[PDB]
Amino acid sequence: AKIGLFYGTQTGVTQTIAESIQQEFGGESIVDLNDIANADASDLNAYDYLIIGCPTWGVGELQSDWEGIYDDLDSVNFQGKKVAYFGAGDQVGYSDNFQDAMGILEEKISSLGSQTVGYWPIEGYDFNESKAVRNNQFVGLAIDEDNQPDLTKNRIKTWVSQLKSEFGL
């Protein structure tokens, strides 16, 4: 596929979201699903369009598989690549660290020469702080199954539609 989606998950939510995103894009012929846990950093080189999925754990911390591969990221060719992000978080229980993981990954990967695409509005959420917010918008799709599970489907639908234009589909 032209789009490589790499996700990490602890309790499975981010994987379900990744599968739904793949489905919304048109399936396996359009998006390849890859669990970062089973990947080498070089695996990301095979795609020119990437989607990075990661839930926030601990207190504003990276999901462990992403945490473990983080230091290998700078060896990857992200030069000029369009990268989109999504994450699972809990805005009620972690209002000061909502979606921090996605923010941490985007800060790192964008500093490696990539172009972030897929910005998302913060208005549909209620939180205090997030490392995933740059000038009043999320750097990617924020999903919250803990507090807003009923909004997930339409958010993915809307975001993928937005991404298609931003990627070139």
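Position 1 is the first residue in the sequence shown; the rest follow in order.
Check: Should the higher mean CA B-factor in the entry be assigned to 43-51 or to 101-109?
Finding: Averaged over C-alpha atoms, the B-factors run higher in 43-51.
Notebook entry, point to check: Mean C-alpha B factor from the entry: is it higher for 82-90 or for 69-77?
Noted result: Stretch with the higher mean C-alpha B-factor: 69-77.
Check: Which listed residue, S29, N128, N34, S64, has the largest C-alpha temperature factor in the record?
Finding: Spelled out: the listed residue with the top C-alpha B-factor is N128.
Next item on the list: Taking the chain's C-alpha temperature factors as the reference, tell me which third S20 falls into: lowest, middle or highest.
Entry: Within its chain, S20 is a lowest-third residue by C-alpha B-factor, going by the deposited values.
Next item on the list: Tell me, lowest, middle or highest third: where does the Cα B factor of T11 rank within its chain?
Entry: Tercile = middle for this residue's CA B-factor.
Next item on the list: Please rank the C-alpha B-factors of the chain's modelled residues and tell me whether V59 sits in the lowest, middle or highest third.
Entry: Middle third of the chain for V59's C-alpha B-factor.
Check: If you rank every modelled residue in this chain by C-alpha B factor, which third holds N147: lowest, middle or highest?
Finding: For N147, whose C-alpha B-factor we compare with every modelled residue in the chain, the answer is the highest third.
Next item on the list: Tell me, lowest, middle or highest third: where does the Cα B factor of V133 rank within its chain?
Entry: According to the entry, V133 has a C-alpha B-factor in the chain's highest third.
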